[PDB]
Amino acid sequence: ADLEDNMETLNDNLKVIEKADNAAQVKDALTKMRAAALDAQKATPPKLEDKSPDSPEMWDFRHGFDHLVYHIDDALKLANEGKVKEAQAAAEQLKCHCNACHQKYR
C-alpha cells in the first residue's frame, strides 16, 4: 500500500487498541500495525523525494519504523500474556514516536 494508506492503518488500529475489550483484540490490532509500519518503511516520503535514497535522512526515516516495530513487539508480549491494560498502555508509548517522525518528515 502507499504511505498514506499505511498511516491510516496505524492511526485506525491505535484507536482500536484504545477501545479494546481484551488482549487478543489488542494483539490483532498491533499485528496489523506491525505490517503497516514495515510497508510504510519501503516508501519515500514527499519531503525526502529530492534526497538520495542512501541519504542519512532516508535511513533515519526507515529506522523510525524499526523502532515503532520494536514497541509493537513489546506491547505484543503483554497482549499475548493476557495483560490488556498494560498492553494498551504500552501501545500509547508509540504516540511520541509517531509525533517525532511527523515533526521531521511529514
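The first residue of the shown sequence is 1; numbering continues from there.
Participant: Quick check on the record: does 28-36 or 50-58 carry the larger mean Cα temperature factor?
Facilitator: Mean B over CA atoms: larger for 50-58.
Participant: Among the modelled residues of this chain, does the Cα B factor of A1 put it in the lowest, middle or highest third?
Facilitator: As the PDB entry reports it, the C-alpha B-factor of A1 lands in the highest third of its chain.
Participant: Give the position of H71 by CA B-factor within its chain, expressed as the lowest, middle or highest third.
Facilitator: Lowest third - that is where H71 ends up once the chain's C-alpha B-factors are sorted.
Participant: Quick check for you: using the entry's CA B-factors within this chain, is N13 in the lowest, middle or highest third?
Facilitator: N13: CA B-factor falls in the middle third of its chain.
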